[PDB]
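Protein chains in written order, with my numbering: chain A, 1 to 13; chain B, 14 to 154.
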C-alpha cells in the first residue's frame, strides 16, 4: 500500500 | 442456539488501540517512531477487576519483545521505524473458561513527517454461564 516501512513476522508465510 | 437455551451469559469489552508519533530527531538507536499501545475497558472503564495482566509481543528487534503489564494502564511505550502485526494477549484472573484472550492488532505508523496514527478497537468477550462472582467483576468494571 502506502504507509511507513514494514517488517513482517513471517516472510511470505 | 443463540439465546435459545436457558443460559445466562455476561458480555465484556476490551479495547486495543495505539498512537504513533514520529520524532524530528530519531533516538539513540536511530528509531524514528514512538508508539504507545494499550488495552482498555469498555468506555475507559478500569478492567483490572477481571483483567489480571496483559502482554504485548513486540518484534524481536525490540529490547525485551515481551511486555507484560501488571501495573496501572496497560500500555507499552516503545520506539521503532516500521510497523507489524502485534499479537496482544490479555490475561484474566479466574478459574473457569480460558482466562487468556488473543487479539491480533496491526501496529501501523506514518512516514517521518506525516499525520500521526490514532486507532482504537473494541472487542467483545462473551462468557456463557459464568459464576456470579465473575459476573460481579465483569459488571464492576
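Beta carbons: idealized from backbone N, C-alpha and C, even for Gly.
Check, Outcome
"How would you list, in chain order, the residues of chain A whose beta-carbon sits under 7 Å from the beta-carbon of residue 124 of chain B?", "4"
"Here's the rule: buried if 16 or more other CB atoms are within 10 angstroms of the residue's CB, otherwise exposed. What is residue 28 of chain B?", "buried"
"Say whether chain A places a C-beta atom closer than 9 Å to the C-beta of residue 101 of chain B.", "no"
"So, is the C-beta of residue 92 of chain B closer than 9 Å to a C-beta in chain A?", "no"
"Quick one: is residue 18 of chain B buried, meaning 16 or more other Cβ sit within 10 Å of its Cβ, or exposed?", "exposed"
"Quick check: is the beta carbon of residue 96 of chain B nearer than 9 Å to any beta carbon in chain A?", "yes"
"Determine whether the Cβ of residue 72 of chain B lies closer than 9 Å to any Cβ atom of chain E.", "This model lacks chain E altogether, as its protein chains are A and B."
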